[PDB]
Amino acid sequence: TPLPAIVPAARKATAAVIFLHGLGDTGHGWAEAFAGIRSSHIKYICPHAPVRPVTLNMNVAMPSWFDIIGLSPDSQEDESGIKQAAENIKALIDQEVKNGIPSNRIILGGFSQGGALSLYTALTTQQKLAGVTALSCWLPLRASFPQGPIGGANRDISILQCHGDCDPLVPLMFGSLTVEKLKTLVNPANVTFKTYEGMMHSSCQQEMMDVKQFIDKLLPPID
């Protein structure tokens, strides 16, 4: 475990954002993107997934939270991997609670596979979270979720899901079908879908402005 890239709070941290990068990345690029929208009282934590073989691309070894097999809803998914990665995320949250920031003052998010992991984590933890930012991603192991609202700790969590309309790796329709399913799993009044014209498998400045607004609305100052 190389230590996560962190954007510290100015001097007094009362909330945290845990953000998981996408395939092949480290946590550093996203931590700098978050510094550009940082709020004084918010700690930003971007852990790094470990290098591992990735079945999708000739087994090439690169950072990935879990193995990626295919690009299709009919593709087999790395169930043991996703769940183990999910357990590791909850341990990272629990450690922040011990550090001093309650779980309901923490937003979990990610990009692509990291956003997939963040959604799955948020929907399976009894750790009540402040919200989720899911960027260009999808809901993994979707068939494992029974009908109806999950109930559970995060039945009311607020979710911001973002997706470029020219993404060639996670087609926009995957994000769209994901948000609509999320709206049957948690309270639909707290789920926001935003799309970005021209954007591919990347980020853009308007999207980062919507994430900042989302984070600041749900994690407002307490001083």
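Residue indices: 1-based, along the sequence shown. Under this definition, the rigid core comprises the largest set of C-alpha atoms superposing within 1.5 Å between the forms.
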Practice task
Could you tell me which of the two stretches, 21-29 or 209-217, has its Cα atoms lying farther from the shown structure in 4 other deposited structures of this protein after fitting on the rigid core?
Solution key: 21-29
Exercise for the section: Consider 140-148 and 84-92 separately and indicate which one has Cα atoms farther, on average, from the shown form in 4 other deposited structures of this protein after rigid core alignment. Expected result: 140-148
Handout entry: Of 147-155 and 101-109, the stretch whose C-alpha atoms average the higher B-factor in the entry
Key = 147-155
Fill in the blank from the handout: The stretch carrying the higher mean Cα B factor in the deposited entry, 136-144 or 111-119, is 136-144
Completion exercise
The residue of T192, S40, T178, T26 with the maximal C-alpha B-factor according to the PDB record is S40
Exercise for the section: From the list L56, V51, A31, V170, select the residue with the highest C-alpha B factor recorded in the entry. Expected result: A31
Problem - Ranked against its chain, the third holding the CA B-factor of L185 - result: middle
Problem - Chain third (lowest, middle, highest) by recorded CA B-factor, residue given as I215 - result: middle
Exercise for the section: Relative to the other modelled residues of the same chain, rank the CA B-factor of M199 and answer lowest, middle or highest third. Expected result: middle
Handout entry: Modelled-residue ranking by C-alpha temperature factor, third containing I45
Key = middle
Practice task
Among all modelled residues of this chain, ranked by Cα B factor, put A61 in the bottom, middle or top third, i.e. lowest, middle or highest.
Solution key: middle
